Amino acid sequence: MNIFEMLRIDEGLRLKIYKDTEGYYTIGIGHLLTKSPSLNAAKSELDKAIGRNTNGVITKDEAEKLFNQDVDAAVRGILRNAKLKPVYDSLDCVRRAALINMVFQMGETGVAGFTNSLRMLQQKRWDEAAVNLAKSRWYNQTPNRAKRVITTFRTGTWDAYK
Ligand SMILES: [Cl-]
Ligand SMILES: [Cl-]
């Protein structure tokens, strides 16, 4: 198991523009296109992202390409973030994957706001962090996925993904 497989499980793969859990236009492996309500705006952003007239449909290869770029960008945002970096550097590889997943879902900004949980993870107080992470809109809106990531931080293993 690794970050790619983990997120492929959490996000699925769709080759036609779709709406995510928040109702935003997305495609591929959880690649958000736009928060705008306009399908055209979405098709526009899609073509711009792919470099061709897609007509709202992409290939598997294209999806995987966006995906790789998105993972990369998540890691890179973490490393450039003063609040996140130290946490990330303090964690083992499995838990780093949990932090990346959250950043991929919610953006660096979103995650950097879980101050208390972050401090707990930094301190390696796993059970406490898990309880704190659960008191969040994130958990209440996407409880099954949140549970998986939370179990990952709590245990340091991939059991939730097996
Ligand atoms: Cl892009
Ligand atoms: Cl969920």
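Since every read-out is calculated from the coordinates, none of them should be taken as a lab result. As a convention, Cβ positions derive from the backbone with ideal geometry for all residues, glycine included, and neighbour counts pool all protein chains shown.
Stretching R8 away from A134 to a fully extended chain increases their span by 43.1 nm, per 0.36 nm per residue minus the current alpha-carbon distance. Label sites at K19 and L39, each approximated as a point 7 angstrom past Cα along Cα to Cβ, lie 1.1 nm apart.
Per-residue ellipticity at 222 nm from helix content only, as computed over the chain with -39500 (n - 2.57) for each DSSP H run of at least four residues, stands at -19500 deg cm²/dmol. If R0 is taken as 30 Å, the Cβ-Cβ distance between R52 and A82 corresponds to a FRET efficiency of 0.20. Structure note, pairs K16/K85; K35/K65; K83/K135; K16/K48; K65/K147; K85/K124: Cα-Cα distances above 24 angstrom occur for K16/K85; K65/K147.
Result for the chain in a Gaussian network model with C-alpha springs under 10 Å: among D70, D61, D89, the largest mean-square fluctuation is at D61. Would you mind telling me which residue in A49, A63, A134 has the biggest mean-square fluctuation in a Gaussian network model of the chain, where springs connect alpha carbons within a distance under 10 angstrom? Result: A49 has the largest fluctuation of those listed.
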